[PDB]
Amino acid sequence: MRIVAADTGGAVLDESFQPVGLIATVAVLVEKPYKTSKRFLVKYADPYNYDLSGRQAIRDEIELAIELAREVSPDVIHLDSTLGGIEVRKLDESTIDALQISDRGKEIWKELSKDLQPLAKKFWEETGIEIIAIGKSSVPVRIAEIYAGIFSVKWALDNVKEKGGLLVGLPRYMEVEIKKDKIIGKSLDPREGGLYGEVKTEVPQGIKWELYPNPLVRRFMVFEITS
Amino acid sequence: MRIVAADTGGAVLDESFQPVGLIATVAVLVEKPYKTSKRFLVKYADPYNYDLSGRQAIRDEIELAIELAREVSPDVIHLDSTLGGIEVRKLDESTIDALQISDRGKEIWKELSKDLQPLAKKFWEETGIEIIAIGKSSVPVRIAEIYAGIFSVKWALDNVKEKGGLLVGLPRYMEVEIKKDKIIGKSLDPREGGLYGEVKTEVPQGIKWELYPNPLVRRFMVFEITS
Amino acid sequence: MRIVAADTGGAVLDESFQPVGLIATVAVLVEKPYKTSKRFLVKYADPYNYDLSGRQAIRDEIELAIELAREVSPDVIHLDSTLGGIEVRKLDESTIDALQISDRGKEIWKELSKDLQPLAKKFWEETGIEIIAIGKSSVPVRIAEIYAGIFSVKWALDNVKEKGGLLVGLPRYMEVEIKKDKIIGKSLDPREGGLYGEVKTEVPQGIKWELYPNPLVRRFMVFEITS
Ligand SMILES: [Mg+2]
Ligand SMILES: [Mg+2]
Ligand SMILES: [Mg+2]
């Protein structure tokens, strides 16, 4: 199978570890053995002006996934919404209320439906490719998320000399290593079977960084950097 | 404590990783230090003709557990249904509706009750041994599950030359190693404290195998083999 | 951030692994990098005369947290109740029923409210320090819990020659190592990012101990000791 997926991750935090906004939306192509991606797109948000409700993220995600899928012709697109793998082109109001999910989950999706259902329907008509609301069940979605963490660290590297110091909340239970002009991201959960990513990027001189637990959100790490 | 438990696991998958049917039901005897089993029974299903609803599995499980328990006289039997450890001989309709579980969980159990409650009651009258619906809380159930994964890999080894190629979905977050005429199965979750199993079986020549993440089901691995 | 947190853990078990009562309540001060504590208080319960409902634990916890906080002046106290981080001084009845939790969760808290809400309100008036019901989201709460496990092993060491043999159920997925007059406790979950604790205490001669899975409670270990 060849799968395109997308997710958003990486948060700028304040000094009390409260999220200000998110940093990176990433679309990935994933193929066997489904542990990493060698083909991906990133869109950087403005974390100092972000919508933390989930709406902005999923819209950026589905658009970036479609952008990558138009090029690499995957068998399917995985979207990060955990709805049991239903096709997004089928998500009209009546289908959404029938879903076995939360009522505010239904709130958000009945609002998203107006744009996303026609979008997925048109993309399917054009390409035959489904966009499925699989969410946390998807390994390609998790690989996208790990890359969003990696690209959030790239963003921190690229912005810390202007900003002085940054606190970046990473996606759940992942670490990064910074080597000579390379960031490697790895899941911390061995149950996931060895998921990772790598981005080549220039590491500036005159910086120091550290990775440690977010004390307010168990199993999430913080990347702290100063110049 | 000496505990008999049972579970079913291992799925034949198609090329899109969709489950066709399950492969192995295993009953284990587990004693201190509760990390593995050295005494077990296996029943192989026909995965190309299986009931994926859960009904077939739990019936095969309770029968195989009783078969092993009749020999090894455990203190208790653990059944893989997560109902808080209630004795199955007590599971009449009124008790089942009183349970703090899903209504389709109640659906399945009110149907199973007609056979399983009298079965557990009779076994208890004969032996004093309870059959408890403990499910995911039980370590012996997880050890049975790991052995079902192992025996599913044995089944793949034994059938791949006739079948040409096989995709086996393993139970959640476990790996296998194939050594000289031995399969070793291990949990991937260090939180479980080092659970494992081993089955001695002939490894055929002229095969190649690989273990990798199921991209559609996070934290589940696939064993792929060709001849 | 400087955080005080508390939790209770460690259970005396009978020979069928059933809990008799809990052993240690611990308050910790946690600072960057939020992996351990070097400043803590312990209160030992009488496990052979304990209230397993949760009431005794949370009362001992909030009092011990306040006792430590009065000395070390943390920015905040984390209490082990998972209510989304609401301030305990705000937990009147109407707020509790408004919470998005279980109805027996509301049962317990509407009873606790009569003492704990005025207590938290007074402490805040005195110090400006909030007591927040953050629960499982808190890393400092987990570090307190790991120390409760460690101190429960100290309690077992200190009592095994009078008791002959003890079975101690540890907090979820943690291990201990016993070195020369030191107990080291570590989380078994690498997703938590390397949480640990250490207590210096005399290890008696003429004992043997073992750590292994609790077969009735997956991902929880037992510390067994005899003299
Ligand atoms: Mg997401
Ligand atoms: Mg099962
Ligand atoms: Mg607690």
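Counting starts at 1 for both ligands and their atoms, in listed order. Just so we're on the same page: letters track the sequence lines, and every chain starts at 1. Heavy atoms only: backbone and side chains are in, while hydrogens, waters and symmetry mates are out.
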Inset, instruction - Take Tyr50(A) and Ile23(A) through the side chain to side chain contact (heavy atoms under 4.5 Å, CB included) test and state the conclusion after the steps. - result: CA-CA 9 Å; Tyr50(A) 196 86; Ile23(A) 296 160; over 6 Å; no
Legend entry - Non-hydrogen atoms of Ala5(A) and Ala144(A) that approach each other most closely: O-CB, 4.1 Å
Legend entry - Spacing of CG belonging to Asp60(A) relative to CZ belonging to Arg55(A), to within rounding of 0.5 Å: 14.0 Å
Legend entry - Donor + acceptor pair across side chains of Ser53(B), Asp51(B) (<3.5 Å): yes
Inset, instruction - List the steps, then state whether side chain to side chain contact (heavy atoms under 4.5 Å, CB included) holds for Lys136(A) with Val141(A). - result: CA-CA 7 Å; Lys136(A) 301 316 186 206; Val141(A) 167; 5.6 Å; no
Inset, instruction - Mind listing the protein N/O/S atoms less than 2.8 Å away from the Mg ion (ligand 1)? Waters don't count. - result: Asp7(A) OD1, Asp80(A) OD2
Inset, instruction - Using modelled atom types only, decide if a donor and an acceptor are shared between the side chain of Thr25(A) and the backbone of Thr8(A) within a distance under 3.5 Å. - result: no
